[PDB]
Amino acid sequence: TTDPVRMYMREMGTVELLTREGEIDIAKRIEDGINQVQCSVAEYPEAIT
Amino acid sequence: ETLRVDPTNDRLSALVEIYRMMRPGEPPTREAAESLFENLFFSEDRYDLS
């Protein structure tokens, strides 16, 4: 098939929908890592100042 | 001799292969293959109504 629409829809067709806590879990892992980079800010050299 | 070369003798394979000719590379789903097969050229929608 030459079409990128078949290719793309078959490729998005690979991964499924993860719902109702994996969304909030993505959000929680995201915010956790974020919180830890601002920890890394909290333990600063001149870089932050 | 055809059966000795090829063993498919079922309708649902007929319908999946219907899908597959109609929607090649696309995943056959049964109401899709069947609604395809039917609604295309026996629904009132298509035969516009003229």
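Residues numbered from 1 in each chain as written, not as in the entry; some residues may be left out. Chains lettered and ligands numbered in written order. Part of a larger assembly, values for the part shown. Heavy atoms only, no water.

The record lists cryo-EM as the method behind this PDB entry and 4.52 Å as its resolution.

The PDB lists this entry under the title "The E. coli class-II CAP-dependent transcription activation complex at the state 1 architecture".

Draft legend 1. Spatial organisation of a nonpolar patch on the surface. Taken together, the side chains of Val5, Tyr8, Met9 and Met12 of chain A present a nonpolar region at the surface, about 420 Å² in accessible area. Looking at the element boundaries, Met9 of chain A is found in helix α1 (residues 4-12). (Patch = residues over 30% accessible without salt bridge, like charges linked within 9 Å, V, L, I, M, F, W, Y side chains within 5 Å. Areas by Shrake-Rupley, 256 points an atom, 1.4 Å probe, with all protein chains shown as cover. Salt bridge = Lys/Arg side-chain N within 4 Å of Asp/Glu carboxyl O. Helix = DSSP H or I, 4+ residues; strand = E, 2+ residues; numbered from the N terminus.)

Draft legend 2. Focus on unusual backbone geometry. Residue and element names in this part refer to chain A. For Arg20, which is not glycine, the phi dihedral falls at a positive 80°. As for its placement among the helices and strands, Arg20 is situated in the loop between α1 and α2 (22-42). Unlike most non-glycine residues, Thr49 shows phi in positive territory, near 45°. Positionally, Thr49 belongs in the segment after α2. Residue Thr49 is classed as exposed on the basis of its relative accessible area of 76%. (Buried < 20%, exposed > 50% of the residue type's maximum accessible area, 1.4 Å probe, protein only.)

Draft legend 3. Representation of the pattern of salt bridges within the structure. All names here are of chain A. Inspection of every chain in the model, using the stated rule, returns three salt bridges over all chains. Among the ionic pairs, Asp3 bridges to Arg6, the shortest N-O distance being 2.7 Å. For the salt bridge of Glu23 with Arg20, the shortest nitrogen-to-oxygen distance reads 2.6 Å. Note on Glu23: relative accessible area 40%, which makes it partly exposed.

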